[PDB]
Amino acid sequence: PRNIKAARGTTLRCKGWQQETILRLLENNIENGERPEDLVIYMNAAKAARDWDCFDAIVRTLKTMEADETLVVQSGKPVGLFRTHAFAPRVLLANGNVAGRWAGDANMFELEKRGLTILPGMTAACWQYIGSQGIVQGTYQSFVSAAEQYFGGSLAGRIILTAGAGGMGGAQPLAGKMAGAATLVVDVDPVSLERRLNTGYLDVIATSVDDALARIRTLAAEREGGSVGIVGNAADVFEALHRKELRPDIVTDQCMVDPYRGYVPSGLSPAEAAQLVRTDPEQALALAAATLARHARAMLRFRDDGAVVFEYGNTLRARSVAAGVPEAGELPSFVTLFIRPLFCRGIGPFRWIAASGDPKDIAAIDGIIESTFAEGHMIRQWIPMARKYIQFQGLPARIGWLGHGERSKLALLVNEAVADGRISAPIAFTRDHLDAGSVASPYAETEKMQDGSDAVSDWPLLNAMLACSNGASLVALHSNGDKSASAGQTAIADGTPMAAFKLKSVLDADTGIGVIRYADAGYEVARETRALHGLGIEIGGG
């Protein structure tokens, strides 16, 4: 038992607070991981570092590096330390990037097996994970937008069905509950439900399908929001819930559907599945695809009854198409129905973390927001909700979606609050990679762009390079094999005037490049936002 835990308090182990914050962020990733003794954070096998040896050497370099040197990380392995300057980043990471033609599913698996790459996830290998809370606002925003679009602004009395209680999926049953819906989440692995049940993200774990149906219908009939977990395989349980007439209003899914990493064929356990992939991969893929076709056909069968059925960024439709269900490619997605209007204004999963470990530092910022943004603002209705439902996990932190100009504004107020004692230690500002100007993903975030530019990955590359040029504390470029590319970045509010400058340079360009990206594709709200903030360039013949 390594049992990594982020350091608490205000005593440096590093030569300076930039380094110590990143070290604590690294430790905090592991502390909140789904399988932390394997470095696994989430998405079945996305890791904080390539192995425990690289983890140890990363920790040593953080502790002794100077404020004008920069650590270089190649797929979870520290490979260099360069003398740079004080306004440059302290860490540069590039994880899981493989040239497209050889980044197919099968070869990524082989390269990872041989130790040549890691699967970075989004926030796993760049140390920006804050547990299940980093996901919950986005998923709650989706359920609320769905209630606004299709159910008259209310999920009271409505049924939400979904699967996946993993590191990201586990945020589902709380978001549904916060949204007013009776929410049923299927997971094949009881430990996953047990982890959400104990963390405050699941209300009860049902003992059977019948039991699950009675408890959801009671919530539905009382028109109360609540969460009900079921232990079972989504293929088998989805079909039984249709035979028993659950009649769900909303069906979605956040399973790991990767046959190589996490999708459990019907009849197997998670353990058996992972062993069949190590010893007989071709049978596993045959069994996985067999189970996914039933899984997808069951979701399509709920749609035929009138449920709103969408994908939630896990490649279910495409992988389902590959397994013989071409109708699965005609299902919609959470992005095109709910999130893209937010991205057009640069609104994304902005988050922050108290290196202190003191919950009073988060509550402090919570008061800043309520004194700083107008009532009715998206963020003024989220903070009371987060305060109410969301337990801290590891270093106290907060998810707070904000748009262009608003991120730099809050970050400067927090940097001043640090500078004058209301906050006891530095605040790390970061985000998910799935932000307006930092990801190209044709299966998810950039599906069906107005101008057809789905697969253009120039944008995240520019996002990273801007973050470096602006002085972010840590900058990362990831890939999901041949399907997606994205940029992440961390900027530290430590109280210094140097921090204040970086925070406003970094954050305004972070969202500014997102506004530009969507304006370029033709979205009119983004084009107006770009015109208003001077974000454009005059090009003739237009």
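Note that residue numbering follows the sequence shown and begins at 1.
Trainee: Where do the C-alpha atoms have the higher mean temperature factor in this entry, in 299-307 or in 96-104?
Mentor: Stretch with the greater average CA B-factor: 299-307.
Trainee: Could you settle it for me: does 442-450 or 385-393 have the higher average Cα B factor in the PDB entry?
Mentor: Taking the mean C-alpha B-factor of 442-450 and of 385-393, the larger value falls to 385-393.
Trainee: Per the entry's Cα B factor values, which of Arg278, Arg195, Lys77, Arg340 stands out as the maximum?
Mentor: Highest C-alpha B-factor among the listed options: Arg278.
Trainee: Looking at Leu466, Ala417, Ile130, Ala455, which has the highest Cα B-factor in the entry?
Mentor: Checking the PDB record, the top C-alpha B-factor among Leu466, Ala417, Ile130, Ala455 is at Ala417.
Trainee: Lowest, middle or highest third: where is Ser408 by C-alpha B factor in its chain?
Mentor: Bottom third by C-alpha B-factor.
Trainee: Within this chain, which third does the Cα B-factor at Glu37 fall in: lowest, middle or highest?
Mentor: Its C-alpha B-factor belongs to the highest third of this chain's values.
Trainee: Of the three thirds of its chain by CA temperature factor, lowest, middle or highest, which one includes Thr11?
Mentor: Ranked within chain, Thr11 CA B lands in the highest tercile.
Trainee: Please say which third, lowest, middle or highest, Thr84 falls into when its CA temperature factor is compared across its chain.
Mentor: It belongs to the highest third of the chain when residues are ordered by C-alpha B-factor.
Trainee: Considering only modelled residues of the same chain, in which third does the CA B-factor of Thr183 rank: lowest, middle or highest?
Mentor: Its C-alpha B-factor, which the entry lists for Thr183, ranks in the middle third among residues of this chain.
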